[PDB]
Amino acid sequence: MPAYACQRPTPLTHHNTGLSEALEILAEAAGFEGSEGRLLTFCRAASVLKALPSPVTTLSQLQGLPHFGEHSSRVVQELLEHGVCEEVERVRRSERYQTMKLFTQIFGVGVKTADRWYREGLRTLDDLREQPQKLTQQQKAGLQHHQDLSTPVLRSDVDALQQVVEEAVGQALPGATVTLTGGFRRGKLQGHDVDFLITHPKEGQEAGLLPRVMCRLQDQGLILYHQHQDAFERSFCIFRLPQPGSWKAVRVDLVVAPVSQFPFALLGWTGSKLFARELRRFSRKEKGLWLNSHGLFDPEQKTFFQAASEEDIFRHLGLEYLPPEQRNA
DNA sequence: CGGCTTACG
DNA sequence: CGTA
DNA sequence: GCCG
Ligand SMILES: Nc1nc2c(ncn2[C@H]2C[C@H](O)[C@@H](COP(=O)(O)NP(=O)(O)OP(=O)(O)O)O2)c(=O)[nH]1
Ligand SMILES: [Mg+2]
Ligand SMILES: [Mg+2]
Ligand SMILES: [Mg+2]
């Protein structure tokens with residue numbers, strides 16, 4: 001079992017679901033307290049279990065596994081012996097964890113903002129609604145749409161959304177393409193949003209595209225919120241999506257990349273977020289190359305690797321290729 | 001011990 | 001600060 | 001919290 005998540009296949013569904021879910025609670029709680037190192041270790045340990053070929057049934061099976069030390073092994077031991085880990089349960093029911101989870105789930109609210117509100121005594125969404133002077137326009141939109149945004153997006157929703165985005169993209173720039181990325185590209189059957197990557201086969205033609213796309217979507221009445229309701233290339237918006245007799249708000253992410261960068265953007269925005277983070281860490285620490293969603297840089301030669309495909313990038317990094325369905329770290 | 005992310009909005 |  |  002290699003130490004980096006990008007060195008092993010991680011399928012969407014696996015054989016250690018309960019154990020990984022417990023470790024991810026602790027990871028989440030570490031992030032609520034600002035402990036990014038502990039968050040990473042618990043995230044990485046959970047990911048190791050997702051990559052295992054069978055269930056962990058005894059402690060000895062944790063021997064030699066990367067990112068399992070005293071703390072994560074004790075968590076697994078208690079789940080194996082009693083079905084529950086007291087630390088995890090204490091976190092689950094704590095007022096701090098529940099409120100930080102509630103607040104950070106709001107679109108436009110991160111850990112710093114949620115922590116400030118918590119310290120001021122706020123605890124519920126209605127607490128926030130009563131203090132609208134505390135809220136950015138983005139957070140007001142996240143708060144008003146919170147109930148719809150907490151409803152999982154379904155794979156059936158995704159196809160209708162992609163068609164309306166493609167229609168607006170095609171008017172904005174004939175020949176531009178829309179590629180589904182994020183969790184649905186990794187095979188997820190539901191998600192918190194829908195992620196699209198847009199490009200054009202003629203390098204440079206994608207410049208200035210996303211303002212034109214957003215203006216067309218907004219004119220069609222499909223945009224409930226976006227940051228530009230000047231030049232921009234990413235939009236994190238809220239879409240109006242049809243439903244039986246009505247509609248629901250859905251988060252949609254749109255990203256534009258030139259075709260030269262498209263493989264790097266596709267790799268970055270397909271995720272998972274831990275997979276991509278580990279891939280960039282592997283690139284820097286093990287290969288001495290700087291990877292991001294725009295390219296792959298050799299700091300010694302001061303040169304960028306050209307890539308025509310994700311397969312190119314895995315090869316540049318000396319990694320076996322993983323299809324998106326195996327990037328569910 | 002140092003290290004653990006990234007550009008863009 | 002937020003996207004996260 | 002764990003790795004190197
Ligand atoms: N660097 C970084 N990139 C991130 C982060 N979160 C997301 N991204 C970028 C990089 C990710 O690869 C990309 C897509 O992640 P989502 O759409 O946020 N989530 P997914 O589709 O996996 O699932 P679902 O939507 O169902 O929750 O967004 C983060 O914390 N950090
Ligand atoms: Mg997504
Ligand atoms: Mg997204
Ligand atoms: Mg230390």
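Note: hydrogens, waters and symmetry copies are ignored here, and every other heavy atom, side chains too, is used. Proteins get letters first, then strands, A, B, ... in listed order; numbering begins at 1 in each.
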Would you classify A/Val109 as touching base, sugar-phosphate or nothing, given that sugar-phosphate means primed atoms plus P, OP1 and OP2, and contacts are heavy atoms under 4.0 Å? sugar-phosphate

In terms of relative ring orientation, are A/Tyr321 and A/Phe314 parallel, tilted or perpendicular, with 30° and 60° separating the classes? perpendicular

Rounded to whole Å, the CG-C1' distance (A/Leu40 to B/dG2) equals 14 Å

Please tell me if A/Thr41 has a side-chain N or O lying less than 4.0 Å from either OP1 or OP2 of D/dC3. no

So if I take every side-chain heavy atom of A/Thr113 and compare against B/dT6, C/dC1, C/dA4, which nucleotide ends up nearest? C/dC1

Does OP1 or OP2 of B/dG9 have a side-chain N or O of A/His226 closer than 4.0 Å? no

Between A/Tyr118 and A/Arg96, is there a cation-pi geometry (under 6.0 Å to ring centre, at most 45° from the normal)? yes

Answer yes or no: side-chain N or O of A/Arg280 and base N or O of B/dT5 forming a donor-acceptor pair under 3.5 Å. yes

At under 4.0 Å between heavy atoms, what does A/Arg116 touch on the DNA or RNA strands: base, sugar-phosphate, or nothing? nothing

With a 4.5 Å limit on heavy-atom distance, are the side chains of A/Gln162 and A/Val178 in contact? yes

In whole Å, what is the span from the NZ atom of A/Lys273 to the P atom of B/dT6? 16 Å

So which of A/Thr179, A/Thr181, A/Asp195 actually passes side chain to side chain donor-acceptor pair (under 3.5 Å) with A/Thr270? A/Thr181

Among B/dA7, D/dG1, D/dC3, the one nearest any side-chain atom of A/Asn292 is B/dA7

Listed nucleotide nearest any side-chain atom of A/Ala3, set D/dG4, C/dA4, B/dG9: D/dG4

Assert yes or no for the condition that the ring centre distance of A/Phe304 to A/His294 is strictly below 6.0 Å. no

Any A/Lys285 side-chain nitrogen or oxygen under 4.0 Å from OP1 or OP2 of B/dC4: yes

With a 3.5 angstrom cut-off on both distances, give the Watson-Crick or G-U wobble partner of B/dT6, or none if there isn't one. none

Separation between the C1' atoms of C/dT3 and B/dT5, rounded to whole Å: 14 Å

Base, sugar-phosphate or nothing for A/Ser35? Non-hydrogen atoms, less than 4.0 Å. nothing

In this structure, how many angstroms lie between the P atom of D/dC3 and the OH atom of A/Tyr4, rounded? 12 Å

Could you check which of B/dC8, C/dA4, D/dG4 has an atom nearest any side-chain atom of A/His294? B/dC8

Do the ring planes of A/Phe282 and A/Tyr4 sit parallel (below 30°), tilted (30 to 60°) or perpendicular (above 60°)? perpendicular

Taking for A/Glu286 and for A/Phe42 the nucleotide of DNA chain D with the nearest heavy atom, the one nearer the 5' end belongs to A/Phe42

Round to a whole Å and report the spacing from CZ of A/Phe107 to P of C/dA4. 6 Å

Has A/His71 got a side-chain N or O lying under 4.0 Å from the OP1 or OP2 atom of D/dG1? yes

Does A/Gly37 reach a base, just sugar-phosphate, or nothing at all? Heavy atoms under 4.0 Å. base

Once you apply a heavy-atom cut-off of 4.0 Å, does A/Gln139 come out as touching a base, just sugar-phosphate, or nothing? nothing

Within the pair A/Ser72 and D/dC2, is there a side-chain N or O less than 4.0 Å away from OP1 or OP2? yes

Output the single nucleotide from B/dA7, B/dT6, D/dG4 whose closest atom is nearest the side chain of A/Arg234. B/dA7

If you measure from the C1' atom in D/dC2 to the same atom in B/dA7, how many Å do you get, rounded? 28 Å

C/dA4 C1' sits how many Å from A/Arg277 CZ, rounded? 10 Å

Are more than 12 heavy atoms, taken from residues, nucleotides or ligands other than A/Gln131, located less than 6.0 Å from that residue's CD atom? yes

CZ of A/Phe282 versus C1' of B/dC4: gap in Å, rounded? 16 Å

Using whole Å, what does the distance between atom P of nucleotide B/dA7 and atom CG of A/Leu267 come to? 14 Å

Looking for any heavy atom pair under 4.0 Å, which part of the strands does A/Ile106 touch: base, sugar-phosphate only, or nothing? sugar-phosphate

Identify whether any heavy atom of A/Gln227 sits under 4.0 Å from a base atom; if not, whether one sits that close to sugar-phosphate; answer base, sugar-phosphate or nothing. sugar-phosphate

With respect to the side chain of A/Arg284, which nucleotide from B/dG9, B/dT6, C/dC1 is positioned closest? B/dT6

Over how many whole Å does the gap from A/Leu289 atom CG to B/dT5 atom P extend? 16 Å

